[PDB]
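Novice: Have a look at this one before I ask anything.
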Amino acid sequence: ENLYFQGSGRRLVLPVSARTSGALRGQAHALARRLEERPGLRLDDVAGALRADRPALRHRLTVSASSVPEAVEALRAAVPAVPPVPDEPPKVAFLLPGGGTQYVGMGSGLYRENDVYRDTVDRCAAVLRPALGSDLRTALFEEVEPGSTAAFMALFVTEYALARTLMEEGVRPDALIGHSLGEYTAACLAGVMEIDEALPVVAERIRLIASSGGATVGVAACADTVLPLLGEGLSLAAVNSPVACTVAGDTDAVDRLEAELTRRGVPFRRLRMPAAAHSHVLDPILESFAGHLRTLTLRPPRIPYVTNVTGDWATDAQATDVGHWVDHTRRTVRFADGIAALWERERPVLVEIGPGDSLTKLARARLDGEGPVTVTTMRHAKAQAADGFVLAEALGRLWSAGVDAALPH
């Protein structure tokens with residue numbers, strides 16, 4: 001179970017582009033039949049030849065392979081999966097999850113294969129030791145108490161390292177959106193905050209939220225259905241999509257809401273973190289948390305980002321205002337509105353940065369049926385794919401949608 005650096009391995013992305021719906025499938029089986037019938041062809045050479053010796057036409061797909069049999073098999077199954085590329089290159093947005101999908105071992109494959117990912121994690125763990133009290137890489141890769149400060153900081157650093165890794169490949173986001181904790185990651189990526197200063201502040205934000213107690217319930221219904229059921233002792237914590245919102249408050253009030261939701265057939269699930277972020281339960285720690293926010297050098301965003309406060313693009317005045325960041329922690333996460341504002345300006349490819357597809361589902365629900373292209377970037381806890389495979393697929397898919405710099409080499 002070693003995390004020693006191995007460097008990049010043999011896995012490569014093979015690009016295929018045609019002019020038709022259409023000929024793409026045919027051209028992919030052609031290439032498959034060529035590598036079978038030509039044992040002298042190395043995967044190595046084919047990857048470069050597919051890059052240098054052919055034009056990048058409108059209809060694209062890719063396969064990932066660490067060997068010729070793998071590539072041949074993947075080119076048969078290959079089905080076009082994104083629309084033909086636009087006449088103008090697509091915009092790109094990063095979506096940064098707030099927690100719920102973190103796990104021990106996430107990104108461990110990237111930690112071993114990718115020097116940017118490894119260096120970013122190492123840098124953050126060293127900066128974090130005085131505030132955290134431990135080496136974050138222990139929590140990232142070996143063991144962690146669920147819902148601890150370390151568990152969530154593991155998620156924050158994974159997002160940051162993964163975003164830095166994509167940016168070094170040339171996939172630089174034109175816009176950012178995060179969900180609660182993820183808005184801090186977005187602010188660091190946008191230049192609003194410096195990662196080294198943000199790390200201890202995010203850590204104390206987590207401890208202050210956890211120490212405030214209370215409870216949160218995720219309700220699979222739109223906010224209009226939930227609002228009339230609240231509720232002295234309850235706040236609307238997040239409006240996530242037309243079929244998802246969260247409600248937070250003291251545990252007794254949340255218990256009674258759940259009883260009344262059951263009585264109406266409304267599906268819901270108690271979030272496992274016994275906390276109440278984005279609700280009145282945080283009132284006693286807001287001013288203390290503003291003390292920590294005052295330690296940060298805030299700058300206007302150099303990449304645009306939408307905040308959960310307004311569900312709209314953050315202004316320079318907001319990004320640099322401690323009181324806004326205090327409001328961000330107290331007030332409803334307007335994620336669904338944020339997704340719509342992001343989409344309406346850019347119509348960008350939506351790239352989820354972090355483990356899972358939880359924000360991708362919210363975006364698909366809110367953006368039905370604008371046909372968003374979404375890209376996923378890190379596997380769920382129980383999935384068997386290798387991290388480097390999932391990353392290579394994401395990069396190939398980004399190229400297929402028209403983000404040319406996403407293709408590696």
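Chain labels run A, B, ... following the order of the structure tokens; each chain numbers its residues from 1, and ligands are numbered from 1 in the order shown.
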Please produce, as CSV, a per-residue contact table for region 349-373 of chain A versus region 335-340 of chain A (criterion: any atom at most 10 Å away, only C-alpha atoms considered), showing the nearest atom pair and its distance in Å to one decimal, sorted by chain then residue number.

Specialist:
residue,atom,partner,partner_atom,distance
A:350,CA,A:339,CA,9.6
A:359,CA,A:335,CA,9.2
A:362,CA,A:336,CA,7.3
A:363,CA,A:339,CA,6.3
A:364,CA,A:339,CA,9.6
A:365,CA,A:336,CA,9.0
A:366,CA,A:336,CA,6.3
A:367,CA,A:340,CA,7.0

Novice: Report as a PyMOL selection string all protein, DNA and RNA residues lying within 6 Å of region 293-303 of chain A, evaluated on only C-alpha atoms, omitting residues in the same chain fewer than 5 positions from it.

Specialist: chain A and resi 175+190-193+316+319-320

Novice: Generate the output file for the selected residues, N, CA, C and O atoms, as a short mmCIF file (atom, residue, chain, number, x, y, z; two decimals), in the first residue's frame.

Specialist:
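Output contents, as saved in result.cif:
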data_model
loop_
_atom_site.label_atom_id
_atom_site.label_comp_id
_atom_site.auth_asym_id
_atom_site.auth_seq_id
_atom_site.Cartn_x
_atom_site.Cartn_y
_atom_site.Cartn_z
N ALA A 175 -14.70 29.98 -15.61
CA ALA A 175 -15.56 30.34 -14.50
C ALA A 175 -15.51 29.23 -13.46
O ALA A 175 -15.15 28.09 -13.76
N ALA A 190 -9.60 31.27 -8.04
CA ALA A 190 -9.86 32.53 -8.72
C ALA A 190 -8.89 33.64 -8.33
O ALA A 190 -8.95 34.71 -8.93
N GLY A 191 -8.01 33.41 -7.36
CA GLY A 191 -7.11 34.43 -6.89
C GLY A 191 -7.65 35.28 -5.76
O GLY A 191 -6.91 36.12 -5.23
N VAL A 192 -8.92 35.10 -5.39
CA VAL A 192 -9.51 35.88 -4.30
C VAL A 192 -8.74 35.66 -3.01
O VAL A 192 -8.50 36.60 -2.24
N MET A 193 -8.35 34.41 -2.74
CA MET A 193 -7.60 34.05 -1.55
C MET A 193 -6.30 33.40 -1.97
O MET A 193 -6.20 32.81 -3.05
N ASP A 316 -16.40 42.33 -7.32
CA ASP A 316 -15.14 42.64 -6.65
C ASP A 316 -15.37 43.09 -5.22
O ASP A 316 -14.63 42.70 -4.31
N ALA A 319 -16.22 39.87 -3.18
CA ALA A 319 -15.10 38.96 -3.02
C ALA A 319 -14.13 39.44 -1.96
O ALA A 319 -13.51 38.63 -1.27
N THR A 320 -13.98 40.76 -1.82
CA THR A 320 -12.97 41.34 -0.94
C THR A 320 -13.55 41.82 0.38
O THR A 320 -12.85 42.50 1.14
#

Novice: Skip residue 291 (chain A) itself and residues of its chain fewer than 4 positions away, then list as number ranges by chain all residues within 12 Å of it, counting only C-alpha atoms.

Specialist: A: 201, 204-205, 285-287, 295-296, 322-323, 325-326

Novice: Do a neighbour search on residue 91 (chain A) at 9 Å with only C-alpha atoms, toss out local chain neighbours closer than 5 positions, and write the hits as a PyMOL selection string.

Specialist: chain A and resi 173-175+346-350+403

Novice: Quick one: DSSP helix (DSSP H, G or I) residues in region 288-322 of chain A, as a PyMOL selection string?

Specialist: chain A and resi 288-293+316-319+322

Novice: Store the residues of this selection in a file with N, CA and C atoms, as a PDB file, in the first residue's frame.

Specialist:
ATOM      1  N   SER A 288     -16.671  35.473  15.817  1.00  0.00           N
ATOM      2  CA  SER A 288     -15.396  34.793  15.968  1.00  0.00           C
ATOM      3  C   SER A 288     -14.849  34.327  14.627  1.00  0.00           C
ATOM      4  N   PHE A 289     -15.723  33.858  13.736  1.00  0.00           N
ATOM      5  CA  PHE A 289     -15.209  33.403  12.453  1.00  0.00           C
ATOM      6  C   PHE A 289     -14.739  34.579  11.607  1.00  0.00           C
ATOM      7  N   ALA A 290     -15.383  35.739  11.755  1.00  0.00           N
ATOM      8  CA  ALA A 290     -14.922  36.942  11.067  1.00  0.00           C
ATOM      9  C   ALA A 290     -13.502  37.315  11.483  1.00  0.00           C
ATOM     10  N   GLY A 291     -13.125  37.022  12.728  1.00  0.00           N
ATOM     11  CA  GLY A 291     -11.736  37.204  13.129  1.00  0.00           C
ATOM     12  C   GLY A 291     -10.770  36.444  12.234  1.00  0.00           C
ATOM     13  N   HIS A 292     -11.057  35.156  11.992  1.00  0.00           N
ATOM     14  CA  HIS A 292     -10.231  34.370  11.081  1.00  0.00           C
ATOM     15  C   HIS A 292     -10.304  34.897   9.660  1.00  0.00           C
ATOM     16  N   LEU A 293     -11.494  35.299   9.207  1.00  0.00           N
ATOM     17  CA  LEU A 293     -11.581  35.834   7.851  1.00  0.00           C
ATOM     18  C   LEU A 293     -10.742  37.098   7.702  1.00  0.00           C
ATOM     19  N   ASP A 316     -16.397  42.325  -7.315  1.00  0.00           N
ATOM     20  CA  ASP A 316     -15.136  42.644  -6.650  1.00  0.00           C
ATOM     21  C   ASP A 316     -15.370  43.089  -5.217  1.00  0.00           C
ATOM     22  N   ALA A 317     -16.409  43.901  -4.987  1.00  0.00           N
ATOM     23  CA  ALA A 317     -16.698  44.364  -3.628  1.00  0.00           C
ATOM     24  C   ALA A 317     -17.049  43.202  -2.709  1.00  0.00           C
ATOM     25  N   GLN A 318     -17.827  42.241  -3.215  1.00  0.00           N
ATOM     26  CA  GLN A 318     -18.195  41.078  -2.409  1.00  0.00           C
ATOM     27  C   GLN A 318     -16.982  40.203  -2.134  1.00  0.00           C
ATOM     28  N   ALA A 319     -16.222  39.874  -3.185  1.00  0.00           N
ATOM     29  CA  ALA A 319     -15.099  38.956  -3.020  1.00  0.00           C
ATOM     30  C   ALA A 319     -14.127  39.444  -1.960  1.00  0.00           C
ATOM     31  N   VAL A 322     -15.088  41.000   4.080  1.00  0.00           N
ATOM     32  CA  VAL A 322     -15.196  39.993   5.137  1.00  0.00           C
ATOM     33  C   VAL A 322     -16.656  39.719   5.478  1.00  0.00           C
TER      34      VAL A 322
END

Novice: Do you know which residues are at most 8 Å from region 209-219 of chain A counting only C-alpha atoms, after dropping those on the same chain fewer than 2 positions away, and could you put them as a list in words?

Specialist: residues 205, 206, 207, 221, 226, 243, 244, 245, 246, 247, 248, 249, 250, 251, 254, 266, 267, 268, 269, 270, 271, 273, 274, 275, 276, 277, 281, 282 and 285 of chain A

Novice: Taking N, CA and C atoms for each residue, export the selection above as a compact mmCIF listing (two decimals), in the first residue's frame.

Specialist:
# COMPACT_ATOMS: atom_id res chain seq x y z
N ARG A 205 -13.02 27.21 10.17
CA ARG A 205 -14.43 27.28 9.78
C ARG A 205 -15.11 25.95 10.07
N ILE A 206 -14.46 24.85 9.71
CA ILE A 206 -15.00 23.51 9.93
C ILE A 206 -15.19 23.25 11.42
N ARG A 207 -14.18 23.57 12.24
CA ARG A 207 -14.31 23.32 13.67
C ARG A 207 -15.42 24.16 14.29
N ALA A 221 -36.99 17.45 -2.89
CA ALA A 221 -38.13 18.20 -3.38
C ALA A 221 -37.67 19.64 -3.52
N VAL A 226 -40.87 22.84 0.26
CA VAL A 226 -40.32 22.72 1.61
C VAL A 226 -40.59 23.97 2.44
N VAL A 243 -35.18 19.46 -7.53
CA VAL A 243 -35.62 18.31 -6.74
C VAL A 243 -34.72 18.10 -5.54
N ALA A 244 -34.07 19.16 -5.04
CA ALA A 244 -33.11 18.97 -3.95
C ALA A 244 -32.91 20.26 -3.18
N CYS A 245 -33.09 20.20 -1.87
CA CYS A 245 -32.72 21.31 -1.01
C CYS A 245 -32.33 20.73 0.33
N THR A 246 -31.73 21.55 1.18
CA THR A 246 -31.36 21.09 2.52
C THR A 246 -31.93 22.04 3.56
N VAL A 247 -32.25 21.48 4.73
CA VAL A 247 -32.81 22.23 5.84
C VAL A 247 -31.98 21.91 7.07
N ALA A 248 -31.65 22.95 7.85
CA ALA A 248 -30.76 22.83 9.00
C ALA A 248 -31.36 23.55 10.20
N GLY A 249 -31.01 23.08 11.39
CA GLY A 249 -31.48 23.70 12.61
C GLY A 249 -31.15 22.81 13.79
N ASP A 250 -31.82 23.05 14.92
CA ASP A 250 -31.53 22.18 16.04
C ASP A 250 -32.17 20.81 15.81
N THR A 251 -31.60 19.80 16.47
CA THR A 251 -31.95 18.43 16.14
C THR A 251 -33.43 18.15 16.39
N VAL A 254 -35.45 19.45 13.56
CA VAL A 254 -35.23 18.64 12.36
C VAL A 254 -35.98 17.32 12.47
N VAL A 266 -42.85 12.97 1.33
CA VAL A 266 -41.69 13.67 0.77
C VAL A 266 -40.41 12.90 1.08
N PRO A 267 -39.63 12.48 0.09
CA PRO A 267 -38.39 11.76 0.39
C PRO A 267 -37.32 12.71 0.92
N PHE A 268 -36.48 12.18 1.81
CA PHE A 268 -35.48 12.99 2.51
C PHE A 268 -34.44 12.06 3.08
N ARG A 269 -33.28 12.61 3.41
CA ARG A 269 -32.30 11.81 4.12
C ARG A 269 -31.49 12.73 5.03
N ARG A 270 -31.37 12.33 6.29
CA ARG A 270 -30.53 13.04 7.24
C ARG A 270 -29.09 13.02 6.76
N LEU A 271 -28.49 14.20 6.59
CA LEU A 271 -27.06 14.24 6.31
C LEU A 271 -26.30 13.69 7.52
N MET A 273 -23.33 14.20 8.73
CA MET A 273 -22.61 15.14 9.57
C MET A 273 -23.56 15.81 10.56
N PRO A 274 -23.42 15.57 11.88
CA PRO A 274 -24.30 16.23 12.85
C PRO A 274 -23.95 17.70 13.00
N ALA A 275 -24.29 18.50 12.03
CA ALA A 275 -24.04 19.92 12.05
C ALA A 275 -25.13 20.65 11.32
N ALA A 276 -25.17 21.94 11.49
CA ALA A 276 -26.15 22.78 10.87
C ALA A 276 -25.59 24.01 10.17
N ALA A 277 -24.76 23.80 9.19
CA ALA A 277 -24.21 24.91 8.44
C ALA A 277 -25.32 25.70 7.74
N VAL A 281 -28.27 28.31 13.73
CA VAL A 281 -27.41 27.61 14.69
C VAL A 281 -25.98 28.14 14.69
N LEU A 282 -25.53 28.73 13.59
CA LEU A 282 -24.16 29.25 13.55
C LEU A 282 -24.02 30.66 14.14
N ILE A 285 -21.09 31.85 16.49
CA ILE A 285 -19.69 31.80 16.07
C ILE A 285 -19.39 32.70 14.88

Novice: Measuring between only C-alpha atoms, which one of A:88, A:389, A:44, A:379 shows the shortest distance to residue 409 (chain A)?

Specialist: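 Smallest distance to residue 409 (chain A) is found for A:44.
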
Novice: Write out as a PyMOL selection string all residues of region 34-186 of chain A that DSSP puts in strand (DSSP E) for this structure's backbone.

Specialist: chain A and resi 59-65+92-96+175-178

Novice: Neighbours of residue 76 (chain A) within 9 Å (only C-alpha atoms; same-chain residues fewer than 2 positions away dropped), as a VMD selection string?

Specialist: chain A and resid 25 28 to 29 32 71 to 74 78 to 79
